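S.K.: Numbering of the first sequence is given in the UniProt record's numbering, commencing with residue 148 and proceeding in unit increments.
Just so it is clear, CB atoms sit at the ideal spot from N, CA and C, and this is done for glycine as well.
Below is a structure I'd like to ask you about.
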Amino acid sequence: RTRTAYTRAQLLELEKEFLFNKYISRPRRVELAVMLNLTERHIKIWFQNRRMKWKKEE
DNA sequence: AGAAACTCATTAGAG
DNA sequence: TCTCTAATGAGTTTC
Numbered sequence: 148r149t150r151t152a153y154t155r156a157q158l159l160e161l162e163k164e165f166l167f168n169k170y171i172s173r174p175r176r177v178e179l180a181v182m183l184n185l186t187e188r189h190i191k192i193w194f195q196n197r198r199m200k201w202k203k204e205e
């Protein structure tokens, strides 16, 4: 692949969903993919990297 | 069984 | 140059 560049609007939403959910269920993933217009792959990857970053933060 | 989604560890694209 | 983080690979869970 290349390298997606999330807009500031898209990150704001992904971080909100992250505070409420560290693991996202598929219903919510598709709901967020449709809403922000990203693929389910992008969201699934973002959460995987977001969690690895969260455990290393502290 | 097979497909999807995890973790770890790493590579490499861009502010 | 330096730092953050998207994407991929090997190997493991989960249903």
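Alpha carbon to alpha carbon, what distance is there between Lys200 and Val177?
M.R.: Indexing the first sequence from 1 puts residue 177 at position 30. Indexing the first sequence from 1 puts residue 200 at position 53. Between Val177 and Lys200, the C-alpha separation is close to 23 Å.
S.K.: Would you say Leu183 and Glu164 are within 7 Å of each other, going by their C-beta atoms?
M.R.: If you number the first sequence from 1, residue 183 lands on position 36. If you number the first sequence from 1, residue 164 lands on position 17. Not a contact, by the Cβ cut-off of 7 Å.
S.K.: When DSSP labels each residue in this structure, what does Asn196 get in the three-state scheme?
M.R.: For this step, residue 196 is matched to residue 49 along the first sequence. Helix at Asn196.
S.K.: Buried or exposed for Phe194, please, with buried defined as at least 16 other CB atoms from any protein chain shown within 10 angstroms of its CB.
M.R.: Translated into the one-based positions of the first sequence, residue 194 becomes position 47. Classification for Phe194: buried.
S.K.: Would you report the Cα separation of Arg150 and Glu187, rounded to the nearest angstrom?
M.R.: Stepping through the first sequence from its first residue, residue 150 is reached at position 3. Stepping through the first sequence from its first residue, residue 187 is reached at position 40. Cα to Cα, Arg150 sits roughly 15 Å from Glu187.
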